[PDB]
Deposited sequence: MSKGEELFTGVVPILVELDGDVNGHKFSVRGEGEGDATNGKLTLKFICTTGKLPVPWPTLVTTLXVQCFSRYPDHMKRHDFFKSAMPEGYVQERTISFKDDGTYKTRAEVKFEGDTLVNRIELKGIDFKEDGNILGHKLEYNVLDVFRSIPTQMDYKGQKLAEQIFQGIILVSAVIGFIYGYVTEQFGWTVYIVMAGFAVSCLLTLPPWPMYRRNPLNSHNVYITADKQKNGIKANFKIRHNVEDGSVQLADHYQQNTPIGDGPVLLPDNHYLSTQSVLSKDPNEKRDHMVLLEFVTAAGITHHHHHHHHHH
């Protein structure tokens, strides 16, 4: 399956959607390059105007084009299910608003990677951000704090010094206000033991990467022979607020053959949304970069 993504691969995306009773269809064409993790597509609403903001559709509209580094190749489930493909299902909850429920089949049809989606939207608010078209034209990953030795480990033994000396000074006054200074020596050694227990172990440092969001968290699902994943998308509202959408994902291979069930890892993605100046139909031009990471 991975050998199918060795060069540039053409892409077709077809979506049929119904949100709060508003029927609409989307068709997209472009190309993907899994070697560099790059995507270019132009999407068209084949039913006139789109009843939802284009950014709400971006995560639905082919993670077999993520760039997996060479040391994670045996964890690339998406390419390993090809050509017969996989079924991707999602629940996307927009906070204080409705929910998308999606089912998609991603497969090869000839030489073309095809993504066919059915989308249902329920319980949205006519005045809300989605149906009110108050979202701004961008899609942003929510950055995830991930285990990362580090400078600013000065804090570790600054804290060590803190306890080991406040033990001294607060213990010193204790030892003097009672009659025994054997107390003040036990207290400082006790402060040493507590300091050693607290700041000697290698606690994982939880930092957000400045450049790589690590938003999509993929884990294996051995009972359905597939994967599961979750992430959050940030949408900027015209009033200056943000709108969050919680994604839950399950993928199951269509074929009978072996697939690569991965260990836990992350996907980082970057979406560029633009327009075509010569296009009079409702449309979205999309440029995407996706990279895998997360495990010497």
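The chain's deposited sequence has unresolved stretches at 1-3, 65, 153-154, 303-312, with no C-alpha coordinates there.
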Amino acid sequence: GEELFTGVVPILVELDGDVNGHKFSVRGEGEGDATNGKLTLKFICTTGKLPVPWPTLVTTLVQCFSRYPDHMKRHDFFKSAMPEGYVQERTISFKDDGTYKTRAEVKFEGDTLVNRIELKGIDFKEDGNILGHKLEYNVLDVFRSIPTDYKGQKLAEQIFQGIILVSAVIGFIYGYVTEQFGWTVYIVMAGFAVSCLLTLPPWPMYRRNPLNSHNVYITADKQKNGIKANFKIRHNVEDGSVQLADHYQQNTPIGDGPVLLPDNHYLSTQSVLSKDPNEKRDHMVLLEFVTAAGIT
From here on, numbers count along this sequence of modelled residues.
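If you average the C-alpha B-factors over 179-187 and over 120-128, the higher value belongs to 179-187.
Relative to its counterpart among 222-230 and 78-86, 222-230 has the higher mean temperature factor, C-alpha atoms as listed in the PDB entry. When the C-alpha B-factors of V216, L211, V142, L155 are read from the PDB record, the largest value belongs to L155. Of the residues listed, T112, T102, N115, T199, the entry assigns the biggest Cα temperature factor to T199. Split the chain's modelled residues into thirds by C-alpha temperature factor. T291 is in the lowest one.
Annotation for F108: C-alpha temperature factor in the lowest third relative to the rest of the modelled chain, per the entry. The deposited CA B-factor of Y137 belongs to the lowest third of values across its chain.
Per-chain ranking of the deposited C-alpha B factor places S271 in the lowest third.
Among all modelled residues in this chain, the alpha-carbon of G30 has a temperature factor (C-alpha) in the lowest third.
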